[PDB]
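Single-structure report; data block below.
One is the number of the first residue; the rest follow in order along the sequence. In listed order, ligands and their atoms are each counted from 1. All heavy atoms count here, side chains included; hydrogens, waters and symmetry mates do not.
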Amino acid sequence: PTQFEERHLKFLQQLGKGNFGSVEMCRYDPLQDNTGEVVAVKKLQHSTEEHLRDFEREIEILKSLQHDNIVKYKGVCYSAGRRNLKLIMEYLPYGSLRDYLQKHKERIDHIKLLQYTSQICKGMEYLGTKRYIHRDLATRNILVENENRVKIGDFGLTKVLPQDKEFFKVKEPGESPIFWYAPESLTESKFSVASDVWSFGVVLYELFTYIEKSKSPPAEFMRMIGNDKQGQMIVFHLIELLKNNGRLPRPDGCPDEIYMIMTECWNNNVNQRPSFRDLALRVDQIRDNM
Ligand SMILES: CS(=O)(=O)Nc1cccc2[nH]ncc12
């Protein structure tokens with residue numbers, strides 16, 4: 001069922017909020033008896049014409065994906081007498097991977113981090129078979145179903161590659177998560193599978209820092225750059241730093257072999273970065289040995 005009538009969609013909780021849209025937890029109860037399905041409902045923060053068109057493309061992308069490690073599309077709800085649009089998704093109860101890492105450290109060890117790493121890689125391989133570039137791969141945009149399962153979410157920045165070319169030039173990006181971007185994304189606005197691989201390197205970094213106090217990518221890059229810098233000066237220094245092999249340090253407790261993977265993902269030469277298939281195989285081989 002992809003129907004969802006607004007009058008049967010009942011509010012339970014406010015979840016995330018920020019850029020573009022906000023997400024609520026709702027119960028869908030057609031039989032009016034207080035016993036139905038729990039879902040996530042995504043709405044626009046500001047419903048302009050431009051944002052509506054983007055939201056429509058996000059919805060088409062999500063509907064096209066069926067994979068264990070990608071959040072499930074359930075449908076749309078045409079609310080306000082069908083003069084508004086909301087996206088209906090499955091509810092994953094443990095929130096973003098970023099929050100989960102902070103809140104549930106008691107149930108997380110290195111084996112679990114490698115499981116999550118592998119699952120993210122598998123999700124990304126699947127994206128590549130559709131020629132979708134995610135552009136925003138980060139622990140805040142990964143969702144946790146349970147202690148054994150994570151799913152890639154937020155496809156708001158996701159783009160399709162053209163017929164022939166391997167890069168997408170994003171004409172004029174708004175607010176940018178610059179500390180997850182590959183050098184070519186910073187200097188040329190060029191986004192590709194290879195730039196998602198760079199970002200994946202940074203996700204792997206986040207996992208092994210356990211999102212600890214002031215070890216996050218923005219905080220570490222700012223330390224190296226100089227905390228007194230502001231404005232475009234930050235970006236100028238980030239670029240120059242990255243072009244001459246400045247990199248995030250190995251987090252404390254992180255094996256050398258896992259840090260080597262990070263550093264291979266952070267190659268300035270786009271063609272020498274591993275594929276997501278290489279990474280999933282290598283990570284599952286590390287796990288299987290032991
Ligand atoms: C990341 S968040 O905290 O804003 N919430 C979600 C977004 C998208 C799908 C979701 N399913 N469940 C929660 C959730």
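In the candidate list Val39, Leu87, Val23, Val23 is nearest to atom 6 (C) of ligand 1, counting heavy atoms. Compare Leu97, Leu15, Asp99 by their heavy atoms: the one nearest to atom 13 (C) of ligand 1 is in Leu15.
Proximity of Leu143 to ligand 1, defined as any heavy-atom pair under 4.0 Å, is confined to the side chain (atoms from C-beta onward). Counting heavy atoms closer than 4.0 Å to ligand 1, residue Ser96 contributes nothing at all.
Checked by distance only, ligand 1 and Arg140 stay at 3.5 Å or farther apart across all their nitrogen or oxygen atoms.
A salt bridge is defined here as a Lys NZ or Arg NE, NH1 or NH2 lying under 4.0 Å from an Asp or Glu carboxylate O, and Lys105 with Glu212 fails to meet this definition. Look at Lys63 and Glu60 and you find no salt bridge, because none of the NZ, NE, NH1 or NH2 atoms lies under 4.0 Å from a carboxylate O. At a threshold of 4.0 Å, the pair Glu90-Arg149 does not count as salt-bridged, since none of the basic side-chain nitrogens sits closer than that to a carboxylate oxygen.
A donor-acceptor contact under 3.5 angstrom links the side chains of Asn34 and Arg27, judged on distance only.
Applying the 4.0 Å criterion to heavy atoms of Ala40 picks out, from ligand 1, the atoms 10 (C), 11 (N), 12 (N).
The shell of residues lying under 4.0 angstrom from ligand 1, judged by heavy atoms, excludes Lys17.
Of all protein heavy atoms, the one lying nearest to atom 12 (N) of ligand 1 is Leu92 N, 3.2 Å. With hydrogens left out, the protein atom closest to atom 2 (S) of ligand 1 is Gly16 N, 3.9 Å, a heavy atom. Of the protein's non-hydrogen atoms, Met89 CE, 3.6 Å is the one closest to atom 8 (C) of ligand 1. Counting only heavy atoms of the protein, atom 11 (N) of ligand 1 lies nearest to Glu90 O, 3.0 Å.
Under the ring-ring contact (aromatic ring centres under 6.0 Å, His included) test applied with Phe191, the options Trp198, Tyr181, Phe168, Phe167 reduce to a single match, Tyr181.
Residue pairs satisfying the salt bridge (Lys or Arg N to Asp or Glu O under 4.0 Å) criterion with at least one member in residues 118-130, sequence neighbours excluded, are listed as follows: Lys122-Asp284.
The number of heavy atoms from other shown groups lying within 6.0 Å of OH (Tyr78) does not exceed 12. Within 6.0 Å of the CZ atom in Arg282, the count of heavy atoms belonging to other residues, nucleotides or ligands does not exceed 12.
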